[PDB]
Amino acid sequence: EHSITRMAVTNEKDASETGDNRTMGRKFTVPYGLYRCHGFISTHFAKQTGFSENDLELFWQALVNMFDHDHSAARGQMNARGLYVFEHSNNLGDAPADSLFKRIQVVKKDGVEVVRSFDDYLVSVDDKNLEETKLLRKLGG
Amino acid sequence: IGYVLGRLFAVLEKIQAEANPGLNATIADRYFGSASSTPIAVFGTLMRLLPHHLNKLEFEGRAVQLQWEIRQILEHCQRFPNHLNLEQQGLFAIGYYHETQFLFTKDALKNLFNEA
Amino acid sequence: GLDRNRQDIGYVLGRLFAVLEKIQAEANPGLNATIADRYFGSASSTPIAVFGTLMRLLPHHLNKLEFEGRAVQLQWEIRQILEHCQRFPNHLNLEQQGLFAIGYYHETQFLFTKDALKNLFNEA
DNA sequence: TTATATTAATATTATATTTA
DNA sequence: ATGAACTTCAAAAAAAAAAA
DNA sequence: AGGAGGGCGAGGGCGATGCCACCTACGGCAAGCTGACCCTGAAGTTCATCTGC
RNA sequence: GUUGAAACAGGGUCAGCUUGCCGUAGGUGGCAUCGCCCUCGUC
């Protein structure tokens, strides 16, 4: 929650007065946050929308690379730190989704009290039992 | 750890406004945005302004009273937190207003000091 | 509200400065510029700067203390504090920055709580 | 808008290593 | 013939401190 | 040769370790947009459809 | 086994876009460590 300053008022303010024109404002930043999105690419709705395997590799590329390209003063630096996809053999689910998401457990590093980077997190995947018929394809991690 | 630092900010700004009656940049207007949300960034430096404000209090006994209550406030504080959760920046604001209307109570600080 | 065994160098230095000013303000209570008023700004941030000079300056306050046993009272807790201070840190960490003010006011409370120092000394 | 005068303050410890 | 589809119906509705 | 190699007691006394003020000034903490689309109705009839004739 | 059943909040939508905390300000001015004290008394 950084209080930035602007050295130019925007409008003819109630206070755009004599000396300086200033519109301080706020530039909130996360000093670091390892956000864990869970995602579900369901075959059943891939049937009604025609979501192709091509349209899916485009989405994989998008997730891996979409912060390298969507930058701003507001968000500064965001990175895709890992995309662990669980491709199930059936258009049903081989396993419950959350059984596969707890499978990718991300914990702050051993003794970091506050996290500053991905280096202060540990993303341990569990590819030991999903071989039931499933595929964990690790795209970013 | 947010409410007691709100109280701490209230006493700190009261001491400043008691030291300098007419201030253009009270430690509210200057340090609040980061004392509310980021107490180590500020309260480590508000409280270097503090001995000078207490020195400048024309009634040195009033300085003693205000320093006593900031001791009491800060006795509930074991460490200024690095960052105040959204839960506590509300406390800080509530703590600030609570303590600042305690200070601007009739005889509240004089009394509370005198029962110690 | 005083962790006498905190070991947080900022907190122990705050405690140390609190007792240092307690001695100065008991050495001559009528004092224009206590070490809070003249040294605290860096004692909280640059403990090596002052805290050396604060203890050039300390034995003389202990002398100026009217009650010669009160000098032992306060010097004893200076030592109690300084067991926790293996070194005056060059620059107080920011956590320690704030914990110095914490220590100043925690130990100042401990000194201005009536029997605390005279009691706690007698358990040593 | 208000409010705006001083807390606490009396001693720790204290009896000999080394000597072809 | 029953039940969805459709066609009419009708035409918004609006605030908010003193202090004697 | 056999010497004796100090014995004694003092090693601070006194007071002062601050005085003075200052610890801020100034102003800005927003601008601008949006705050939702869409539907879903009663009530009635039609109209397509079904059953029975 | 004759008595309110059936019933979605849905489908989905970056809060963005960005903005110096600043310009700057002596810690000063100054203050005696002092006043003084047989190493003695003697073998």
# chains A, B, ... in the order shown; residues from 1 in each chain; ligands from 1
>>> residues_around(residues="stretch 102-116 of chain A", least_positions_apart="4", cutoff="7 Å", atoms="only C-alpha atoms (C1' of nucleotides)", output="ChimeraX atom specification")
/A:31-32,98,120-126
>>> write_last_selection(atoms="C-alpha atoms", output="mmCIF file, in the first residue's frame")
data_model
loop_
_atom_site.group_PDB
_atom_site.id
_atom_site.type_symbol
_atom_site.label_atom_id
_atom_site.label_comp_id
_atom_site.auth_asym_id
_atom_site.auth_seq_id
_atom_site.Cartn_x
_atom_site.Cartn_y
_atom_site.Cartn_z
ATOM 1 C CA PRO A 31 5.805 -7.738 -1.918
ATOM 2 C CA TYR A 32 5.456 -11.358 -2.970
ATOM 3 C CA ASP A 98 -8.673 -32.175 -5.099
ATOM 4 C CA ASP A 120 11.124 -19.017 -0.461
ATOM 5 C CA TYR A 121 8.537 -21.568 -1.571
ATOM 6 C CA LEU A 122 8.871 -25.284 -2.202
ATOM 7 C CA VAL A 123 6.532 -26.834 -4.757
ATOM 8 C CA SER A 124 6.618 -30.567 -4.115
ATOM 9 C CA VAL A 125 4.583 -32.625 -6.551
ATOM 10 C CA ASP A 126 3.487 -36.191 -5.808
#
>>> residues_around(residues="stretch 18-29 of chain F", least_positions_apart="3", cutoff="6 Å", atoms="only C-alpha atoms (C1' of nucleotides)", output="list in words")
residues 22, 23, 24 and 25 of chain A; 52 of chain B
>>> write_last_selection(atoms="N, CA, C and O atoms", output="compact mmCIF listing (two decimals), in the first residue's frame")
# COMPACT_ATOMS: atom_id res chain seq x y z
N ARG A 22 -0.77 18.40 -7.26
CA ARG A 22 -0.34 17.10 -6.78
C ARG A 22 -1.56 16.25 -6.49
O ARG A 22 -2.56 16.74 -5.96
N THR A 23 -1.48 14.97 -6.85
CA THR A 23 -2.58 14.02 -6.74
C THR A 23 -2.09 12.70 -6.18
O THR A 23 -2.17 11.66 -6.82
N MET A 24 -1.55 12.74 -4.97
CA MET A 24 -0.72 11.68 -4.41
C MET A 24 -1.12 10.26 -4.78
O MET A 24 -0.42 9.60 -5.55
N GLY A 25 -2.25 9.80 -4.30
CA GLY A 25 -2.67 8.46 -4.67
C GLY A 25 -1.92 7.30 -4.04
O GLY A 25 -1.04 7.48 -3.20
N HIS B 52 11.46 14.03 21.56
CA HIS B 52 11.51 15.46 21.29
C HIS B 52 10.16 16.11 21.53
O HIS B 52 10.09 17.22 22.08
>>> interface_residues(of="chain B", to="chain A", cutoff="9 Å", atoms="only C-alpha atoms", output="MDAnalysis selection string")
chainID B and resid 33:34 37:38
>>> interface_residues(of="chain A", to="chain G", cutoff="7 Å", atoms="only C-alpha atoms (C1' of nucleotides)", output="list in words")
residues 4, 5, 6, 7 and 73 of chain A
>>> write_last_selection(atoms="N, CA, C and O atoms", output="JSON list (two decimals), in the first residue's frame")
[["chain", "number", "residue", "atom", "x", "y", "z"],
["A", 4, "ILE", "N", 2.11, 6.60, -3.44],
["A", 4, "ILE", "CA", 2.87, 7.28, -4.47],
["A", 4, "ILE", "C", 2.41, 8.72, -4.50],
["A", 4, "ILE", "O", 1.46, 9.10, -3.81],
["A", 5, "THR", "N", 3.12, 9.53, -5.26],
["A", 5, "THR", "CA", 2.77, 10.92, -5.47],
["A", 5, "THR", "C", 2.69, 11.15, -6.96],
["A", 5, "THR", "O", 3.37, 10.48, -7.73],
["A", 6, "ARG", "N", 1.81, 12.04, -7.39],
["A", 6, "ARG", "CA", 1.89, 12.57, -8.74],
["A", 6, "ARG", "C", 2.20, 14.04, -8.65],
["A", 6, "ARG", "O", 1.59, 14.76, -7.85],
["A", 7, "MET", "N", 3.14, 14.49, -9.46],
["A", 7, "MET", "CA", 3.54, 15.89, -9.53],
["A", 7, "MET", "C", 2.83, 16.59, -10.67],
["A", 7, "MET", "O", 3.41, 17.43, -11.37],
["A", 73, "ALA", "N", 2.15, -0.96, -14.48],
["A", 73, "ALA", "CA", 2.59, -0.29, -13.27],
["A", 73, "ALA", "C", 1.89, -0.85, -12.06],
["A", 73, "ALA", "O", 2.48, -0.96, -10.98]]
>>> residues_around(residues="stretch 1-8 of chain E", least_positions_apart="6", cutoff="9 Å", atoms="only C-alpha atoms (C1' of nucleotides)", output="PyMOL selection string")
chain F and resi 43-51
>>> atom_distance(atom1="atom CA of residue A:80", atom2="atom CA of residue A:33")
11.6 Å
>>> select_by_dssp(residues="stretch 1-104 of chain C", states="helix (DSSP H, G or I)", output="PyMOL selection string")
chain C and resi 9-27+35-38+40-43+47-56+58-64+68-82+94-104
>>> residues_around(residues="residue C:36", least_positions_apart="6", cutoff="9 Å", atoms="only C-alpha atoms (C1' of nucleotides)", output="compact mmCIF listing (two decimals) with C-alpha atoms, in the first residue's frame")
# COMPACT_ATOMS: atom_id res chain seq x y z
CA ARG B 48 12.29 8.93 17.85
CA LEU B 50 8.50 11.12 20.50
CA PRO B 51 11.21 12.10 23.01
CA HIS B 52 11.51 15.46 21.29
CA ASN B 55 10.63 17.49 25.64
CA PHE C 17 18.43 3.02 26.93
CA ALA C 18 15.38 3.14 29.16
CA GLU C 21 17.69 7.59 30.84
CA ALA C 43 20.26 4.92 20.00
>>> interface_residues(of="chain C", to="chain B", cutoff="8 Å", atoms="only C-alpha atoms", output="list in words")
residues 1, 2, 32, 33, 36, 37, 40, 41, 44, 94, 95, 97, 98, 99, 100, 101, 102, 105, 106, 108, 109 and 113 of chain C
>>> write_last_selection(atoms="N, CA and C atoms", output="mmCIF file, in the first residue's frame")
data_model
loop_
_atom_site.group_PDB
_atom_site.id
_atom_site.type_symbol
_atom_site.label_atom_id
_atom_site.label_comp_id
_atom_site.auth_asym_id
_atom_site.auth_seq_id
_atom_site.Cartn_x
_atom_site.Cartn_y
_atom_site.Cartn_z
ATOM 1 N N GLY C 1 4.458 -6.397 30.990
ATOM 2 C CA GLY C 1 4.797 -6.093 29.613
ATOM 3 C C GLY C 1 6.263 -5.779 29.404
ATOM 4 N N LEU C 2 7.126 -6.666 29.886
ATOM 5 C CA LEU C 2 8.558 -6.549 29.652
ATOM 6 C C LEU C 2 9.141 -7.949 29.612
ATOM 7 N N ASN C 32 17.102 19.413 31.220
ATOM 8 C CA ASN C 32 16.532 19.955 29.997
ATOM 9 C C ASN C 32 16.449 18.896 28.911
ATOM 10 N N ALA C 33 17.563 18.226 28.633
ATOM 11 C CA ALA C 33 17.670 17.312 27.502
ATOM 12 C C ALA C 33 18.191 15.979 28.014
ATOM 13 N N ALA C 36 17.037 10.648 26.137
ATOM 14 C CA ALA C 36 15.965 10.494 25.163
ATOM 15 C C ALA C 36 15.901 11.711 24.256
ATOM 16 N N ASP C 37 16.071 12.891 24.830
ATOM 17 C CA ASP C 37 15.925 14.122 24.079
ATOM 18 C C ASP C 37 17.115 14.427 23.184
ATOM 19 N N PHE C 40 18.309 9.457 21.769
ATOM 20 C CA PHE C 40 17.381 8.391 21.396
ATOM 21 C C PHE C 40 17.307 8.214 19.888
ATOM 22 N N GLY C 41 17.368 9.308 19.139
ATOM 23 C CA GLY C 41 17.189 9.210 17.704
ATOM 24 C C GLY C 41 18.144 8.229 17.057
ATOM 25 N N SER C 44 18.134 4.412 18.957
ATOM 26 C CA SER C 44 17.157 3.556 18.320
ATOM 27 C C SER C 44 17.607 3.075 16.957
ATOM 28 N N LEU C 94 15.347 -3.167 11.207
ATOM 29 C CA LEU C 94 14.084 -2.442 11.223
ATOM 30 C C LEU C 94 13.115 -3.034 12.240
ATOM 31 N N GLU C 95 12.994 -4.361 12.252
ATOM 32 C CA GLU C 95 12.360 -5.040 13.371
ATOM 33 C C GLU C 95 12.952 -4.549 14.675
ATOM 34 N N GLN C 97 14.666 -1.884 14.987
ATOM 35 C CA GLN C 97 14.376 -0.459 15.070
ATOM 36 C C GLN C 97 13.177 -0.228 15.961
ATOM 37 N N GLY C 98 12.069 -0.889 15.641
ATOM 38 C CA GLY C 98 10.870 -0.724 16.440
ATOM 39 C C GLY C 98 10.997 -1.322 17.824
ATOM 40 N N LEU C 99 11.629 -2.489 17.920
ATOM 41 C CA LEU C 99 11.797 -3.115 19.217
ATOM 42 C C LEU C 99 12.647 -2.279 20.153
ATOM 43 N N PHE C 100 13.460 -1.361 19.640
ATOM 44 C CA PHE C 100 14.163 -0.463 20.544
ATOM 45 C C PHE C 100 13.191 0.460 21.254
ATOM 46 N N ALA C 101 12.253 1.039 20.519
ATOM 47 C CA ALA C 101 11.245 1.865 21.165
ATOM 48 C C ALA C 101 10.396 1.027 22.100
ATOM 49 N N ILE C 102 10.087 -0.198 21.679
ATOM 50 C CA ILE C 102 9.417 -1.149 22.557
ATOM 51 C C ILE C 102 10.202 -1.310 23.844
ATOM 52 N N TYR C 105 10.189 1.753 26.191
ATOM 53 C CA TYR C 105 8.992 1.991 26.977
ATOM 54 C C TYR C 105 8.608 0.818 27.863
ATOM 55 N N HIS C 106 8.948 -0.407 27.485
ATOM 56 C CA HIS C 106 8.784 -1.551 28.366
ATOM 57 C C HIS C 106 9.638 -1.407 29.612
ATOM 58 N N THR C 108 11.087 1.294 30.665
ATOM 59 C CA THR C 108 10.706 2.495 31.384
ATOM 60 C C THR C 108 9.512 2.215 32.276
ATOM 61 N N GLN C 109 8.549 1.440 31.781
ATOM 62 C CA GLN C 109 7.462 1.003 32.643
ATOM 63 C C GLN C 109 7.992 0.183 33.804
ATOM 64 N N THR C 113 7.199 1.201 37.401
ATOM 65 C CA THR C 113 6.394 0.391 38.301
ATOM 66 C C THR C 113 7.099 0.324 39.643
#
>>> closest_atom_pairs(of="chain D", to="chain C", cutoff="6 Å", atoms="only C-alpha atoms (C1' of nucleotides)", output="Markdown table")
| residue | atom | partner | partner_atom | distance |
| --- | --- | --- | --- | --- |
| D:7 | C1' | C:112 | CA | 5.2 |
| D:8 | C1' | C:112 | CA | 4.3 |
| D:10 | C1' | C:69 | CA | 4.8 |
| D:11 | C1' | C:69 | CA | 4.8 |
>>> write_last_selection(atoms="C-alpha atoms (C1' of nucleotides)", output="short mmCIF file (atom, residue, chain, number, x, y, z; two decimals), in the first residue's frame")
data_model
loop_
_atom_site.label_atom_id
_atom_site.label_comp_id
_atom_site.auth_asym_id
_atom_site.auth_seq_id
_atom_site.Cartn_x
_atom_site.Cartn_y
_atom_site.Cartn_z
"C1'" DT D 7 5.49 7.57 37.81
"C1'" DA D 8 10.11 5.82 40.01
"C1'" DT D 10 18.36 3.17 49.24
"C1'" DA D 11 24.36 -1.96 47.73
#
>>> interface_residues(of="chain D", to="chain B", cutoff="10 Å", atoms="only C-alpha atoms (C1' of nucleotides)", output="ChimeraX atom specification")
/D:1-7
>>> write_last_selection(atoms="N, CA and C atoms (P, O5', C5', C4', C3', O3' and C1' of nucleotides)", output="compact mmCIF listing (two decimals), in the first residue's frame")
# COMPACT_ATOMS: atom_id res chain seq x y z
P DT D 1 -15.39 21.35 13.92
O5' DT D 1 -14.84 20.88 15.34
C5' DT D 1 -14.04 21.75 16.17
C4' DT D 1 -14.44 21.63 17.62
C3' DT D 1 -13.30 21.87 18.61
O3' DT D 1 -13.83 22.21 19.88
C1' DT D 1 -14.12 19.76 18.96
P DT D 2 -12.86 22.74 21.02
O5' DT D 2 -12.71 21.50 22.02
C5' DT D 2 -13.81 21.08 22.83
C4' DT D 2 -13.46 19.82 23.60
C3' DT D 2 -12.21 19.92 24.47
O3' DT D 2 -12.39 19.16 25.67
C1' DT D 2 -11.97 18.15 22.98
P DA D 3 -11.78 19.68 27.06
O5' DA D 3 -10.74 18.55 27.48
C5' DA D 3 -9.99 17.87 26.49
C4' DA D 3 -8.71 17.31 27.05
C3' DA D 3 -8.16 18.06 28.24
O3' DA D 3 -7.26 17.24 28.96
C1' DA D 3 -6.95 18.62 26.26
P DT D 4 -6.74 17.68 30.41
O5' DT D 4 -5.16 17.68 30.27
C5' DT D 4 -4.56 18.01 29.04
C4' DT D 4 -3.28 18.77 29.27
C3' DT D 4 -3.35 19.75 30.43
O3' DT D 4 -2.57 19.27 31.50
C1' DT D 4 -2.99 20.90 28.36
P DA D 5 -3.25 18.95 32.91
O5' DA D 5 -2.60 17.57 33.36
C5' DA D 5 -1.94 17.47 34.61
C4' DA D 5 -0.45 17.65 34.44
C3' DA D 5 0.33 17.76 35.73
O3' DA D 5 0.66 16.47 36.20
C1' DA D 5 1.00 19.46 34.23
P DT D 6 1.41 16.29 37.61
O5' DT D 6 2.83 15.67 37.21
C5' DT D 6 2.87 14.48 36.47
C4' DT D 6 4.09 13.65 36.85
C3' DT D 6 4.41 13.59 38.33
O3' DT D 6 4.87 12.30 38.65
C1' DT D 6 6.26 14.44 37.16
P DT D 7 5.20 11.94 40.17
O5' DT D 7 4.96 10.38 40.25
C5' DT D 7 3.77 9.83 39.74
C4' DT D 7 3.97 8.38 39.38
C3' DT D 7 5.10 7.69 40.13
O3' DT D 7 4.71 6.40 40.52
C1' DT D 7 5.49 7.57 37.81
>>> atom_distance(atom1="atom CA of residue C:89", atom2="atom CA of residue C:53")
14.3 Å
